[PDB]
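The structure under discussion appears below in the form of structure tokens.
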Amino acid sequence: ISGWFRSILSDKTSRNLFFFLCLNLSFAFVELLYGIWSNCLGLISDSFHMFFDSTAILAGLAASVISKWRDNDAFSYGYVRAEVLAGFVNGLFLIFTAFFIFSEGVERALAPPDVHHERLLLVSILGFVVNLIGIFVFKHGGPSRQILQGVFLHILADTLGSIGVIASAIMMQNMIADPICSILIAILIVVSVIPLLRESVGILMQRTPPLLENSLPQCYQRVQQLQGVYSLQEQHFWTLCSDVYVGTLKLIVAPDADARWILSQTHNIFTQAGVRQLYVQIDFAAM
Amino acid sequence: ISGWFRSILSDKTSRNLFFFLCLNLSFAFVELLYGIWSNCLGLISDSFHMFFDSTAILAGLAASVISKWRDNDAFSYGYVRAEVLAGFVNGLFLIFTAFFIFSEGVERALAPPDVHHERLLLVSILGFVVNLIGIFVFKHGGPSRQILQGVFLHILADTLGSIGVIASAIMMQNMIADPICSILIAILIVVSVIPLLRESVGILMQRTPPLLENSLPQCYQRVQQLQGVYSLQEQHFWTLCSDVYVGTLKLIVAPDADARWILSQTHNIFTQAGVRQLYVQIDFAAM
Amino acid sequence: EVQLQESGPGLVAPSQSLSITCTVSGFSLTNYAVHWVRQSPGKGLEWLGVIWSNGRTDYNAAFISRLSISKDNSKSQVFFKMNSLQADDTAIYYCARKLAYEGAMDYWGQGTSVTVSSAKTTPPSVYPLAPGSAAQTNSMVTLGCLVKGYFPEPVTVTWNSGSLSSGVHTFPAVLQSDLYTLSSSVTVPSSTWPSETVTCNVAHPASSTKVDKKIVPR
Amino acid sequence: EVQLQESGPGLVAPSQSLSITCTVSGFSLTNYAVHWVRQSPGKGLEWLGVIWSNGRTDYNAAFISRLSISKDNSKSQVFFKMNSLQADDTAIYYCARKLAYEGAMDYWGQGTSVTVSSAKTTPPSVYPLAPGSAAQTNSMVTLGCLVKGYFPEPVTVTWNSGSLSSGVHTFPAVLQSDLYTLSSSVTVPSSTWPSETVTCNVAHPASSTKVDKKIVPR
Amino acid sequence: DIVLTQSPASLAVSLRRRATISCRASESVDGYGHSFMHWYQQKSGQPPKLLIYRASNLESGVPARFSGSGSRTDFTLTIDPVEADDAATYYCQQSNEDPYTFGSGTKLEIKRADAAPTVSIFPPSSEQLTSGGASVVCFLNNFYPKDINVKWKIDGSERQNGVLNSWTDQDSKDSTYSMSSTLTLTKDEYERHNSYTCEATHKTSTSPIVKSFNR
Amino acid sequence: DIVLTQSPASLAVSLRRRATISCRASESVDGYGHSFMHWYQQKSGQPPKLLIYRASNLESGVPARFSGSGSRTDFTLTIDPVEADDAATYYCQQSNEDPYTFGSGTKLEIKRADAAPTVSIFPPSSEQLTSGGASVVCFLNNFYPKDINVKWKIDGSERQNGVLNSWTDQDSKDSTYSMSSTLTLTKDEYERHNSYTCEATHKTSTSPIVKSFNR
């Protein structure tokens, strides 16, 4: 039980995720305590949304921790795809948070607020500070690439929401501003999250690695030129992690073809293309 | 463009999904039209939630349609894992809908309602009728198994929400009832959705097929008993669809071992275990 | 130049073990598998076992509790050992290398005949056979030798150390009173005999007996 | 019993094509690949091409624009064709089957010597060689034949149709004035010669000339 | 286990006609289009010689006259044109399932023109007489077909108690047969009687060949 | 392309000593622990014979005295114990990269006890004289080592214009050498002079062997 905390603190990314998760949960709890007295209609909703984004960050942290585990004869490739699952979950979280922001903006535009306003803006500035700190901490530029990108996009979406509420507060002092700003924030969040979901779905759909896809015809041509190789059939290349490709091949060779040399040459050819793990089945054709 | 509609109507499951999607979107639009006049705070939120569940059903329908497409040298295994992705997305949708129901129940328990009540209950009965019709239609007991289970669980969750609001309405006439009922509905939704998410994550994490996992040691023992097979190494079995298993194997055999016979016997052994697609790499050991 | 030579006891008691050494030449055991196959008149060819390059052994299902096959790569020798021999285990035990990348046995060795009985080894008694009457001088005369009263079955009969190969008809042995009787025949031109010496070479490997008999006309 | 026999023109003009037929026996082309290798004094052994079971051909990078290898499974013949022959293409062209499941050539055929020149085929002129003086009767006398003025290089010299194999020393040909000169030597016991006839068999496959010369002492 | 049945058990073919040996497996021996059936040839007193591996591939060095075919369960060995050296026993082996099994052999007999046996008789030697026994050996060499009867007369009387017969396998040179008939008698029994005759009743001639010695 | 270099170019070993031939590749010929280097043996006037395949495996039927080793780039062929039949040319071939390449041969010379050449001389035949030419042929048989000089004297005068020499490869039976010296002359040139002498200057004896004919 205590080994989890030591492991999380040992890793840099896990430690940063734990720091941000604790900070978000504590600030959500503080907002809940400040809003339990009154103004529940907005503060309770905001606190629950913060706790929900906290759940998304916790999911990313759990995937990051689990990604370092070893094989157990059940997960033959290991838990390495936890990062891809976390990226997909973060993308869905961002889409649904954008839709929630859309709904809240529409509700505010179609309802006059009689609740306290100064407290709402003050805690929103604190949330903006939290989001800016999160952006600063997670600035980047067992494999762990998708999780960092997902959490960074999540922090960007939270920052967009915070700047939206701040700009609405500023413009109201100096009615149309709030819905337009909410729609713009939601659209920006969706457009930003699109590439992450594209990559995660490409990885999760057993698609050919996009980087490897260009060089596959050349590799097939070079394998075909090997002596004794009649044909190449049933080729399947898919992605496991970032820069980790797994490919399966079936070769049909001559009845007396040099199986060892053909196998070694095929492995070299597909290793020069970046395929770390490869399985080649050599079939000896009949005549 | 028009080919999509003909294809959707051709398939039974796609036709049913399109029927339910159109019905849900039309009823959400009707509720929006009825609530545009007044009582926005609850009716607008309910209509947007219905449109959001409509988006989840549309995602399931799109996955069901795409699951029938052919290979294009990019998706080597095809778009067959769209059903698994749809199941995972439906599971996440159910979890987040349960959390939304939790938040709405807490808000209702911590805020006295001055809005119209008779209209809210009447449209809720209509939603309950819609959910019961959906349960009746999708009663069951390119592969398409996860999508049906996901949409069925979604309809079950909507039915649970409808019975919760109806029971709260009945009990209020005859304050504590609403939050307790909301919590119970959310817990039931999460517990119901747990197995679907478990199966979808197991499929998406490149885990060994749970049905095949029991018989793998026996298959390894039977392959080891083959003449000339020194050892069996680097075995990876994962799941592509329902009852579609893909496995990769590496054998180390004698310098003069019968490669053809060993390959045929290994393929037969793993085909009797249900592995439809298998790749065996035979390495000729040096001494 | 690929040869496999078996060296084992021709006679084995009906309650003891058996040990056959298969010395191979022309190929290395480090990359070839040597099978063990026995042939008996009543059961045909039977596959006993095989030993692979790394030392892995596969045995027949009916002989797994009795067989024991070993290797010696440096000495190029394969050891075959079987326990609890019985009367039904008499056969001709061959060691044959496996065909490369196939399940067949391309090269076989001339195996050693094994009999399982309680009888004792008896040296052969070789007797000359010459025509009784000096008639029928058609320029092709028949000569023979009678190998009577020997045990076990294997025995080799050659004429003039095998130089006179043509015209030799060695007949299969017949079992009578738990002893074997074998006969041989050779036809030689009448010009050479008795002008040129004719020798009957009989060898019994089990008893280490070599008898050279000369045909004397009457 | 595996043989590969090449049949091709010994002499090829310096601007025409070449055609060699490799007739195989003891194995089927349906499951074996036949390589084509040439050997020349100035460039060593060179690998030209190979044809596989299904008809696929692989050619050397420097000969891909000139080689053409075909097959005939029913007739068990492999056809080798090369275009634009030049003076540097003279060599001994071998066809060798590929070792099963390896890149080596286990069985080779005795290839046909090919020369590329504008000279014309000239039949050999065989001359006897006998000792001048009837001395040195040490019971081992030397005899020879002088094959002078023939083209191209390949020529076969045998004594008594190859029966007298021992003591034969055939010497390599020497090129002079665009013609080849070859000499042979045989040593025979003085008891047999001249009591027993000695024959000199010279065969020139290019000119289809067979000359039988008898050694006459002076 | 796989039980291989070969038909016919014994086959008789002429010197240049067509010869076919069929071997049927109890269950299929196919995998991925490869039939794991192997054919062997065993002459008289020699280890089996591999002819066909995987039921369609000629072993390196065997004559081209041998052919193989068939798949799944039925397999065929074809010998054409036959020669006098093909008189041997042929076995089929399957390597598809452990343990390897060999079918019952198919004896091949080469038909030829009938020949008369070269009957010869040999009286017991001096060593036989001094050893206390007596053995009369009658040799029948180079006769076709295999069927033949030997008649033993002792001073005009028929005896069959001590007659032993041994046949040789068909020769690979002239496709003939050889037979030995041995009459074992005691010293006194041999000395009492004088005339011994050996007869070889064969299909080629209705009159048996008689070789006799009077001692 | 892979360039294979064999050292030494020519190797001389005794009859039973240790012989080593080394072949070095320009680049590695290894893959998955397999070294694709093959060794061949080519005697005098014969096609190359495969000895080692994959640099460590003996070809079926070759004598056990041949051994192979090495990996990556350096490879070694070991002949022990040497015999008189091992006097041949050895090549190394790589099958790792297309095209297959053969290294320059390593000639092997079997050392033995020195021997005296059996000098013999033959005057031109009658057919030679009638044809318009004349050729005097001097045979040197069974001499070791290969180094030897031939001196031609014509009536006590030295001539070297028409002298041609041809050596044979080392014999596989007695590990000796043979040499022919041919003097080609016209009819008139041959008829003008009377005495012709052939000398064989060899290391075994300081006195050259002289065979002469006076015609």
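Identifiers for the structure tokens are assigned positionally: chains receive A, B, ... in sequence, residues are indexed from 1 per chain, and ligands are indexed from 1 in the order shown.
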### Query
Neighbours of residue 135 (chain D) within 12 Å (only C-alpha atoms; same-chain residues fewer than 6 positions away dropped), as a PyMOL selection string?
(chain D and resi 141-142+190+217) or (chain F and resi 120+211-213)
Writer output for current selection, N, CA, C and O atoms, as a short mmCIF file (atom, residue, chain, number, x, y, z; two decimals), in the first residue's frame:
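selection-v6.cif, written as the output of this step:
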```
data_model
loop_
_atom_site.label_atom_id
_atom_site.label_comp_id
_atom_site.auth_asym_id
_atom_site.auth_seq_id
_atom_site.Cartn_x
_atom_site.Cartn_y
_atom_site.Cartn_z
N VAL D 141 59.35 -47.54 -69.42
CA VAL D 141 59.61 -46.74 -70.61
C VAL D 141 58.52 -45.67 -70.73
O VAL D 141 57.37 -45.89 -70.34
N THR D 142 58.90 -44.51 -71.25
CA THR D 142 58.01 -43.37 -71.35
C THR D 142 57.54 -43.21 -72.79
O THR D 142 58.34 -43.29 -73.73
N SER D 190 58.35 -52.03 -69.51
CA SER D 190 59.00 -52.42 -70.76
C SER D 190 58.65 -53.84 -71.18
O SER D 190 58.89 -54.20 -72.33
N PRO D 217 57.68 -47.96 -82.52
CA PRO D 217 59.07 -47.66 -82.14
C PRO D 217 59.96 -47.45 -83.36
O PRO D 217 60.30 -48.40 -84.06
N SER F 120 63.30 -37.52 -70.01
CA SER F 120 63.22 -38.27 -71.25
C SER F 120 63.09 -37.29 -72.41
O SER F 120 62.50 -36.22 -72.26
N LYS F 211 69.78 -36.01 -71.19
CA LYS F 211 69.28 -36.99 -72.15
C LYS F 211 69.44 -36.41 -73.55
O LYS F 211 69.02 -35.28 -73.81
N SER F 212 70.06 -37.18 -74.45
CA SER F 212 70.40 -36.68 -75.76
C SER F 212 70.12 -37.72 -76.83
O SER F 212 70.11 -38.93 -76.56
N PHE F 213 69.91 -37.24 -78.05
CA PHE F 213 69.81 -38.07 -79.24
C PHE F 213 70.55 -37.38 -80.37
O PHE F 213 70.48 -36.15 -80.50
#
```
task: Using only C-alpha atoms, determine which residues lie at most 8 Å from region 1-18 of chain A, disregarding the query and same-chain residues fewer than 2 positions distant; provide the list as number ranges by chain.
output: A: 20-22, 57-58, 60-61, 64-65, 137-138, 148
**Prompt:** Any idea what the distance is between CA of residue 140 (chain A) and CA of residue 157 (chain A)?
**Reply:**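 Atom-to-atom, CA of residue 140 (chain A) and CA of residue 157 (chain A) are spaced 17.0 Å apart.
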- DSSP says strand (DSSP E or B) for which residues of chain F? Put them as a PyMOL selection string? chain F and resi 4-7+10-13+19-25+30-31+34-35+37-42+49-53+57-58+66-71+74-79+89-94+101-102+106-110+115+118-122+133-144+149-154+157-158+163-167+177-186+195-202+205-214
- Task: May I have the residues of chain A within 12 Å of chain D, counting only C-alpha atoms, written as a list in words?
- Result: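 Matching residues, ligands excluded from the count: residues 224, 225, 226, 227, 228, 229, 230, 231, 252, 253, 254, 255, 256, 257, 258, 259, 260, 261, 262, 284, 285, 286 and 287 of chain A.
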Next, dump the selected residues to file, keeping only N, CA, C and O atoms, as a PDB file, in the first residue's frame.
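Writing the result to again_37.pdb gives the following:
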```
ATOM      1  N   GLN A 224      10.622  -8.364 -51.156  1.00  0.00           N
ATOM      2  CA  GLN A 224      10.295  -9.122 -52.359  1.00  0.00           C
ATOM      3  C   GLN A 224      11.537  -9.437 -53.182  1.00  0.00           C
ATOM      4  O   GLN A 224      11.598 -10.482 -53.839  1.00  0.00           O
ATOM      5  N   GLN A 225      12.537  -8.554 -53.157  1.00  0.00           N
ATOM      6  CA  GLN A 225      13.757  -8.772 -53.923  1.00  0.00           C
ATOM      7  C   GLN A 225      14.648  -9.858 -53.335  1.00  0.00           C
ATOM      8  O   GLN A 225      15.615 -10.258 -53.990  1.00  0.00           O
ATOM      9  N   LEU A 226      14.362 -10.334 -52.124  1.00  0.00           N
ATOM     10  CA  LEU A 226      15.164 -11.396 -51.535  1.00  0.00           C
ATOM     11  C   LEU A 226      15.057 -12.667 -52.369  1.00  0.00           C
ATOM     12  O   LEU A 226      14.007 -12.978 -52.935  1.00  0.00           O
ATOM     13  N   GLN A 227      16.163 -13.400 -52.447  1.00  0.00           N
ATOM     14  CA  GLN A 227      16.195 -14.621 -53.241  1.00  0.00           C
ATOM     15  C   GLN A 227      15.305 -15.688 -52.615  1.00  0.00           C
ATOM     16  O   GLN A 227      15.385 -15.953 -51.412  1.00  0.00           O
ATOM     17  N   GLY A 228      14.462 -16.305 -53.439  1.00  0.00           N
ATOM     18  CA  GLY A 228      13.617 -17.390 -53.002  1.00  0.00           C
ATOM     19  C   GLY A 228      12.267 -16.986 -52.453  1.00  0.00           C
ATOM     20  O   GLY A 228      11.448 -17.868 -52.174  1.00  0.00           O
ATOM     21  N   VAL A 229      12.001 -15.693 -52.301  1.00  0.00           N
ATOM     22  CA  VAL A 229      10.731 -15.215 -51.765  1.00  0.00           C
ATOM     23  C   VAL A 229       9.742 -15.104 -52.920  1.00  0.00           C
ATOM     24  O   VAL A 229       9.855 -14.210 -53.761  1.00  0.00           O
ATOM     25  N   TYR A 230       8.771 -16.017 -52.962  1.00  0.00           N
ATOM     26  CA  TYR A 230       7.776 -15.984 -54.029  1.00  0.00           C
ATOM     27  C   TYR A 230       6.828 -14.805 -53.864  1.00  0.00           C
ATOM     28  O   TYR A 230       6.567 -14.068 -54.822  1.00  0.00           O
ATOM     29  N   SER A 231       6.304 -14.609 -52.658  1.00  0.00           N
ATOM     30  CA  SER A 231       5.327 -13.556 -52.427  1.00  0.00           C
ATOM     31  C   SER A 231       5.316 -13.192 -50.952  1.00  0.00           C
ATOM     32  O   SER A 231       5.818 -13.933 -50.103  1.00  0.00           O
ATOM     33  N   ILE A 252       5.963 -16.487 -48.379  1.00  0.00           N
ATOM     34  CA  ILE A 252       5.889 -17.741 -49.119  1.00  0.00           C
ATOM     35  C   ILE A 252       7.171 -17.864 -49.929  1.00  0.00           C
ATOM     36  O   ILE A 252       7.435 -17.041 -50.813  1.00  0.00           O
ATOM     37  N   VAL A 253       7.965 -18.891 -49.634  1.00  0.00           N
ATOM     38  CA  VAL A 253       9.291 -19.014 -50.225  1.00  0.00           C
ATOM     39  C   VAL A 253       9.387 -20.278 -51.064  1.00  0.00           C
ATOM     40  O   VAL A 253       8.438 -21.067 -51.137  1.00  0.00           O
ATOM     41  N   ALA A 254      10.538 -20.477 -51.701  1.00  0.00           N
ATOM     42  CA  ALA A 254      10.760 -21.636 -52.541  1.00  0.00           C
ATOM     43  C   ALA A 254      10.824 -22.903 -51.690  1.00  0.00           C
ATOM     44  O   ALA A 254      11.062 -22.838 -50.483  1.00  0.00           O
ATOM     45  N   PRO A 255      10.594 -24.071 -52.297  1.00  0.00           N
ATOM     46  CA  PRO A 255      10.667 -25.319 -51.520  1.00  0.00           C
ATOM     47  C   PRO A 255      12.008 -25.539 -50.845  1.00  0.00           C
ATOM     48  O   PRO A 255      12.058 -26.156 -49.774  1.00  0.00           O
ATOM     49  N   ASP A 256      13.100 -25.057 -51.436  1.00  0.00           N
ATOM     50  CA  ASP A 256      14.432 -25.202 -50.865  1.00  0.00           C
ATOM     51  C   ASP A 256      15.067 -23.845 -50.576  1.00  0.00           C
ATOM     52  O   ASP A 256      16.292 -23.710 -50.583  1.00  0.00           O
ATOM     53  N   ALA A 257      14.245 -22.832 -50.325  1.00  0.00           N
ATOM     54  CA  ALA A 257      14.761 -21.498 -50.056  1.00  0.00           C
ATOM     55  C   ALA A 257      15.462 -21.453 -48.705  1.00  0.00           C
ATOM     56  O   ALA A 257      15.119 -22.187 -47.775  1.00  0.00           O
ATOM     57  N   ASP A 258      16.457 -20.575 -48.603  1.00  0.00           N
ATOM     58  CA  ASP A 258      17.235 -20.420 -47.376  1.00  0.00           C
ATOM     59  C   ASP A 258      16.384 -19.694 -46.345  1.00  0.00           C
ATOM     60  O   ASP A 258      16.319 -18.464 -46.330  1.00  0.00           O
ATOM     61  N   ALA A 259      15.722 -20.459 -45.474  1.00  0.00           N
ATOM     62  CA  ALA A 259      14.815 -19.862 -44.499  1.00  0.00           C
ATOM     63  C   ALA A 259      15.557 -18.954 -43.525  1.00  0.00           C
ATOM     64  O   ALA A 259      15.064 -17.876 -43.176  1.00  0.00           O
ATOM     65  N   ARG A 260      16.739 -19.374 -43.073  1.00  0.00           N
ATOM     66  CA  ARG A 260      17.488 -18.581 -42.101  1.00  0.00           C
ATOM     67  C   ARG A 260      17.889 -17.230 -42.679  1.00  0.00           C
ATOM     68  O   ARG A 260      17.699 -16.187 -42.042  1.00  0.00           O
ATOM     69  N   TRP A 261      18.456 -17.232 -43.888  1.00  0.00           N
ATOM     70  CA  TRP A 261      18.897 -15.984 -44.500  1.00  0.00           C
ATOM     71  C   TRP A 261      17.721 -15.065 -44.798  1.00  0.00           C
ATOM     72  O   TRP A 261      17.802 -13.854 -44.568  1.00  0.00           O
ATOM     73  N   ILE A 262      16.623 -15.620 -45.315  1.00  0.00           N
ATOM     74  CA  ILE A 262      15.449 -14.803 -45.611  1.00  0.00           C
ATOM     75  C   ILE A 262      14.889 -14.197 -44.332  1.00  0.00           C
ATOM     76  O   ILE A 262      14.527 -13.015 -44.296  1.00  0.00           O
ATOM     77  N   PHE A 284       6.813 -22.695 -46.993  1.00  0.00           N
ATOM     78  CA  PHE A 284       7.511 -23.300 -48.120  1.00  0.00           C
ATOM     79  C   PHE A 284       6.476 -23.730 -49.152  1.00  0.00           C
ATOM     80  O   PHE A 284       5.718 -24.679 -48.925  1.00  0.00           O
ATOM     81  N   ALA A 285       6.442 -23.029 -50.281  1.00  0.00           N
ATOM     82  CA  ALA A 285       5.458 -23.308 -51.313  1.00  0.00           C
ATOM     83  C   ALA A 285       5.684 -24.685 -51.925  1.00  0.00           C
ATOM     84  O   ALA A 285       6.812 -25.176 -52.010  1.00  0.00           O
ATOM     85  N   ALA A 286       4.590 -25.312 -52.345  1.00  0.00           N
ATOM     86  CA  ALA A 286       4.651 -26.581 -53.056  1.00  0.00           C
ATOM     87  C   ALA A 286       4.746 -26.296 -54.550  1.00  0.00           C
ATOM     88  O   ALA A 286       3.776 -25.830 -55.158  1.00  0.00           O
ATOM     89  N   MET A 287       5.908 -26.582 -55.133  1.00  0.00           N
ATOM     90  CA  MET A 287       6.194 -26.255 -56.529  1.00  0.00           C
ATOM     91  C   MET A 287       5.941 -24.777 -56.817  1.00  0.00           C
ATOM     92  O   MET A 287       6.674 -23.909 -56.344  1.00  0.00           O
TER      93      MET A 287
END
```
Requested in this report: Pull out every residue of chain F sitting within 12 Å of chain B, counting only C-alpha atoms, and send them as a list in words.
Outcome: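 My answer is residues 31, 32, 33, 34, 35, 54, 56 and 57 of chain F.
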- Which residues come within 8 Å of residue 95 (chain F), counting only C-alpha atoms, excluding same-chain residues fewer than 6 positions away, as a ChimeraX atom specification? /D:103-104 /F:29,36-38,101
Once you have the residues from the selection above, write them out as a PDB file, in the first residue's frame, restricted to N, CA and C atoms.
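result-v2.pdb, freshly written:
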```pdb
ATOM      1  N   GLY D 103      22.498 -21.388 -49.039  1.00  0.00           N
ATOM      2  CA  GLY D 103      22.958 -20.610 -50.166  1.00  0.00           C
ATOM      3  C   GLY D 103      24.118 -21.195 -50.934  1.00  0.00           C
ATOM      4  N   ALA D 104      24.553 -22.402 -50.594  1.00  0.00           N
ATOM      5  CA  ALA D 104      25.698 -23.024 -51.238  1.00  0.00           C
ATOM      6  C   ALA D 104      25.254 -23.904 -52.403  1.00  0.00           C
TER       7      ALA D 104
ATOM      8  N   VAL F  29      28.967 -10.814 -42.426  1.00  0.00           N
ATOM      9  CA  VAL F  29      28.074 -11.721 -43.140  1.00  0.00           C
ATOM     10  C   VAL F  29      27.257 -12.513 -42.130  1.00  0.00           C
ATOM     11  N   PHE F  36      27.000 -16.737 -42.827  1.00  0.00           N
ATOM     12  CA  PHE F  36      26.761 -17.280 -44.163  1.00  0.00           C
ATOM     13  C   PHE F  36      28.051 -17.228 -44.984  1.00  0.00           C
ATOM     14  N   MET F  37      28.985 -18.094 -44.602  1.00  0.00           N
ATOM     15  CA  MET F  37      30.243 -18.277 -45.311  1.00  0.00           C
ATOM     16  C   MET F  37      30.389 -19.749 -45.667  1.00  0.00           C
ATOM     17  N   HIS F  38      30.733 -20.024 -46.922  1.00  0.00           N
ATOM     18  CA  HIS F  38      30.834 -21.387 -47.419  1.00  0.00           C
ATOM     19  C   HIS F  38      32.214 -21.611 -48.019  1.00  0.00           C
ATOM     20  N   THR F 101      29.615 -13.853 -53.881  1.00  0.00           N
ATOM     21  CA  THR F 101      30.982 -13.583 -54.291  1.00  0.00           C
ATOM     22  C   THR F 101      31.896 -14.696 -53.801  1.00  0.00           C
TER      23      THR F 101
END
```
Quick one: which chain D residues come within 6 Å of chain E, and what is the nearest atom pair for each with the distance in Å to one decimal, counting only C-alpha atoms, rows ordered by chain and ascending number, as a tab-separated table?
```
residue	atom	partner	partner_atom	distance
D:1	CA	E:61	CA	4.1
D:2	CA	E:61	CA	5.5
D:26	CA	E:61	CA	4.8
D:27	CA	E:60	CA	5.6
```
Q.
So that I can check the surroundings of residue 14 (chain F), please list as a list in words every protein, DNA and RNA residue that reaches within 8 Å of it, counting only C-alpha atoms and ignoring chain neighbours fewer than 2 positions away.
A. residues 12, 16, 17, 18, 82, 110, 111 and 112 of chain F
